[PDB]
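Cβ: placed from backbone, ideal geometry, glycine included. Neighbour counts: every protein chain shown. What follows is calculated from the coordinates using simple rules that are stated; it is not laboratory data.
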Amino acid sequence: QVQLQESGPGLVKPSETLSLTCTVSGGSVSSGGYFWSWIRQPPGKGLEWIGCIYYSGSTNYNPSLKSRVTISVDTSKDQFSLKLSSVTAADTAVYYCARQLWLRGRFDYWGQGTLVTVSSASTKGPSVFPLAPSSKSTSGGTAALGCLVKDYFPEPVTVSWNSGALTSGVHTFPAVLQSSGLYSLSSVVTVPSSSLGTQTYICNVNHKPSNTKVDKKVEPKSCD
Amino acid sequence: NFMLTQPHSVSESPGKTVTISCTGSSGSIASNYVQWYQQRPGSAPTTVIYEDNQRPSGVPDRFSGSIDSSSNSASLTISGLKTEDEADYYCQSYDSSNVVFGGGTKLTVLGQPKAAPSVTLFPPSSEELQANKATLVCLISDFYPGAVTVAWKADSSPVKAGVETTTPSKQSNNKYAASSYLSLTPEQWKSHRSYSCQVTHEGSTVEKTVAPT
C-alpha cells in the first residue's frame, strides 16, 4: 500500500518559521490524480483544516489561516512540505499529514501526528534534586521516596529507578508549566520502611533534547 | 462562516442505541458530503463513514449515518455500544473550497470506587539549597475520585505564590495520582518554623508537616 510519514523539528519559537515535511513511501505524488492536505489538532480540541495542495500549483487555505500557510510540492523527492509564518503560543497542535482521495470527501489515509510545542525560552537542562524520606514521609508500614525534576525545557523527560529494575510503585507524574516558562515534575516510588537504610535507590533522569543524563542517589534525611 | 455544530459530551451504556448530530449553521447539510472520523486518544483519526450513508470496508455495520436535511443536521447512529467505541467523533464538510470540521462528540461507555488519598511530604534537599533554590513537593496518590484540592501552609498562613500543582492522572491500579510543588527561596524556607501541605478529598483532610532540620 502507501504510507505517509512526517518529519521536521517538534519545536518552534514564537514569531518564527515552521518547517514540517511529510514524505511518501509506496506511491507517487504526481500519479493517480489525488490531493494532499495538512490537518492539525490541538490537545483536547477538535480537528482544524489548514490547507490542501495538488501535485501542481493549486492551493487553497483556511480563511482564518490565510496569508500565513505556504505549502510546496517537490516531486523529485516524492514529498511535500508546509511552511508557517508568525507562529504563536496558540499554534500548539498535533500536525497530521493525511492523504485525500476525493477533494470534497474522506481523508482515507492519515499519517501519525507529530507533536508541535511553541514556548518562549532557551533549551536548558534539568535540575535534579534528591527527595529524602523521613519519619514524616511514611504513613504506616510503607514509606515513599522520589526525585524532583525542575526547570527544564522541553518535554519529555524520562525517569527510571535502578536502571529500570524497579517498576512496582513507581509513579511518573505529567509535567506542569511553571510561573516562568519552564516545566517541573517528579517521579516517586513507594517502598517498605524496613529497606530504607539497607537498599540504595538511584533515579535516572534523562533529557534527550539537552543531551543530559543525571543519576541522583536517594538517601534518608540527615538532621543538621 | 459555515460551522458544524456537534454535541460536546455524549454518554451511553453499552449495548444501547445513541444518535450523534452534526448541525450546519448557514449552508444546508445535504449540500456537500459529510465525513465522520473516529479518533482514538493518542492516535491518528480514521474514516468510519463516507458519502453520508456508506460504510468503508473494515468498519462494522453499526456505524450507520442518516441525513435530516430539513433541520440542516447530519446524524450518525451507533447501535450496540462497546468498549473500543470510546473515541472522539468529528463530522466533516467542504463548504466552498474550505474544508470545515465539526466540534467533536466523545463516545462514553457510561471504574474503581473512592480511594484513600495517601499523602507524602518532602522537604527541600541540601543540594538544592546550595544551588540557591528551594522546593516543597507534596505527593497525592492512590485516590478516587480524581478531584483533589491542595493548599500549602506556612505554619498557619496559606501559601499561594510559587504553588504549582498537577491534574490527577489515572494509575495502574485504577486509582489516581497527583502532585503539588511549592517554589521557595532558601531564606523563606528557614524563616517559618514549619511548612505543611493539606489535602482535601471528599471532605476528609489529610495533612503532613515538615520542618527545617
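For region A:1-95, would you read off the P(r) tail past 15 Å as a percentage of all alpha carbon pairs?
On the way: 2756 of 4465 pairs.
Result for the distance tail: 62 percent.
Summing +1 for each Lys or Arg and -1 for each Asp or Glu among the other residues whose beta-carbon sits under 11 angstrom from that of B:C197 gives +2. Computed from the alpha carbon atoms alone, the convex hull of the protein assembly as shown holds 179 Å³ per residue.
Would you mind calculating the gained length between A:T200 and A:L101 on full extension (0.36 nm times residue separation, minus the Cα-Cα distance), in nm to one decimal?
Stretched fully, the A:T200-A:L101 segment lengthens by 29.8 nm.
With the highest mean first, a sort of the peptides A:194-201, A:63-70, B:39-46, A:89-96 on other beta-carbon atoms found within 10 angstrom per residue produces A:89-96, B:39-46, A:63-70, A:194-201.
Computing Rg and the Kirkwood Rh from the Cα coordinates of chain B gives a ratio, Rg/Rh, of 1.20. Other protein chain C-beta atoms within 10 Å of residue C-beta, averaged over B:91-101: 5.
Against the compact-protein benchmark of 2.2 N^0.38 Å, the Cα-based radius of gyration of region B:1-65 scales to 1.23. Treating each Cα of region A:124-224 as an identical point scatterer and summing with the Debye formula, the log10 of I(q)/I(0) at q = 0.14, 0.17 Å⁻¹ comes to -0.53, -0.76. Among the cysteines of chain A, those whose beta-carbon sits 4.7 Å or more from every other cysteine beta-carbon are A:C52, A:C223. Local charge for B:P212 was computed over the other residues whose Cβ lies under 10 Å away, with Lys and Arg +1 and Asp and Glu -1, and equals +1. Under a model in which nothing but the beta-carbon of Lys, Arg (+1) and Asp, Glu (-1) is charged, region A:127-224 shows a dipole of about 40 debye around its Cα centre.
Across peptide A:46-53, the average count of Cβ atoms from other chains found within 10 Å of a residue's Cβ is 5.
Region B:68-111 and region B:127-150 have Cα centres spaced 40 Å apart.
What distance in nm separates the two pseudo spin-label positions at B:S157 and A:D74, each 7 Å out from Cα along the beta-carbon direction? For B:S157 paired with A:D74, the spin-label model returns 6.1 nm.
In region B:44-95, inverting the average of 1/r over every pair of distinct C-alpha atoms gives 12.2 Å as the Kirkwood radius. Computed over neighbours whose Cβ is under 10 Å from that of B:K106, the net charge equals -2, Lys and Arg +1, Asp and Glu -1.
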